[PDB]
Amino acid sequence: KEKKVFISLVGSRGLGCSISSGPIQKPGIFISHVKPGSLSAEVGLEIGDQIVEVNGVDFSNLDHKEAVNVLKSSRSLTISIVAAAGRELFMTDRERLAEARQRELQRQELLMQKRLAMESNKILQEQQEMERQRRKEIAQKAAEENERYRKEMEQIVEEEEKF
């Protein structure tokens, strides 16, 4: 899941980004700042990206000062990153809670939609059961009336057939 990016002709103003050493819970070298319009911005580096290799130097367990030395060691930098690996290190508490709220709201919106759709279908099935029993009773009443009507007509036909 690593991406490899290339920066050429690093000038005196430099990359236009900052690196920070991760804390104990999230160790590593992370991009903490990116200036708009900088070389790092033009090549797509973003705050929160983790740098895992630069110019063949492994950025795992590397201390801060050495990582800086490598990134200042050449005018051409090949930087391997895991994008957004440390994004939460540079998020405010409110931004992280807002994200958690939004994810919960999306699940809750679907749960409520399905709950009410299910309830409407329960009611609909109850209505079908009532109406089908009512119409079954109407049909059986009509059937037994017709059986009697047939016998009553046959009785009249017996009178009709007296000549």
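Quick note: we count residues from 1 along the sequence shown, nothing fancier.
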Exercise. Looking at the deposited entry, does 89 to 97 or 76 to 84 carry the larger mean Cα B-factor?
Worked result: 76 to 84
For this session: Using the B-factors recorded in the PDB entry, average over the C-alpha atoms of 102 to 110 and of 57 to 65, then report which stretch comes out higher.
Result: 57 to 65
Seminar exercise, completed: Scanning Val43, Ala117, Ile29, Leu124 for peak Cα temperature factor in the entry gives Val43
Exercise. Among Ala139, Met153, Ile19, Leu9, where is the Cα temperature factor highest, going by the PDB entry?
Worked result: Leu9
Exercise. What third of the chain, by the recorded C-alpha B-factor, contains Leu39?
Worked result: highest
